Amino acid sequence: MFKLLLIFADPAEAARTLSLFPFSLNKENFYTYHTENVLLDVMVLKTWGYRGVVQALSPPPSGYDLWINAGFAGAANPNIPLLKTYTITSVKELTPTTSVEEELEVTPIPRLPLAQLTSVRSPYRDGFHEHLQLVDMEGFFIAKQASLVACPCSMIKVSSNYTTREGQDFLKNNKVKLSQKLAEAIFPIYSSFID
């Protein structure tokens, strides 16, 4: 039986994927669906409060065959169009006060175009950057937790806004369309593992 964990950072990201399958909430308080040889579980990292906490994925869930982190990502290069779905080749955590970075490779999903992801605690609204492509908050954390259980991790990131002050309104106003893009990327993957 193939065991797939989908990880969303927040309910807006998860919303349309949760509509795709008839999930139920289990006694452990997260969504699950199974059919044929495939178990599909969904975790949402931040349902409460102003920030996510480390204990959302710590200890990391063991026993899955693949993790997919699907989420929104800001675009920090104007040659990235919005509402476009990418898969990630590597993800960098960046700490702006020291410039220290760490970086991990992630497993690209077939058929999706490639991008690099940078994860930061505070969303960029500085403007555009020569060195950055997509920017999120939780990608690196998820990839590193996946390594603790030796589980492959893939990322799907949809470009949700440009990383500017004026750019934030587009994210505010398009969460359903953006979530739907994630759902449309997850479905063919789910279908590939039907034996």
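Note that residue numbering follows the sequence shown and begins at 1.
Just going by the entry, 130 to 138 versus 35 to 43 on mean CA temperature factor gives the higher value to 35 to 43. Remark: stretch with higher mean C-alpha B factor among 177 to 185 and 18 to 26 is 18 to 26.
When the Cα B-factors of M155, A56, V158, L66 are read from the PDB record, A56 comes out highest. Compared with the other modelled residues of the chain, the Cα B-factor recorded for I7 ranks in the lowest third.
Residue-level temperature factors show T87 in the lowest third of its chain, judged at the C-alpha atom.
Placement of the Cα temperature factor of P123 within the chain: highest third of the modelled residues, per the deposited record. In this PDB entry, the Cα temperature factor of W48 sits in the top third of its chain's modelled residues, the highest group. For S147, the recorded CA B-factor ranks within the highest third of the chain. Only modelled residues enter the ranking.
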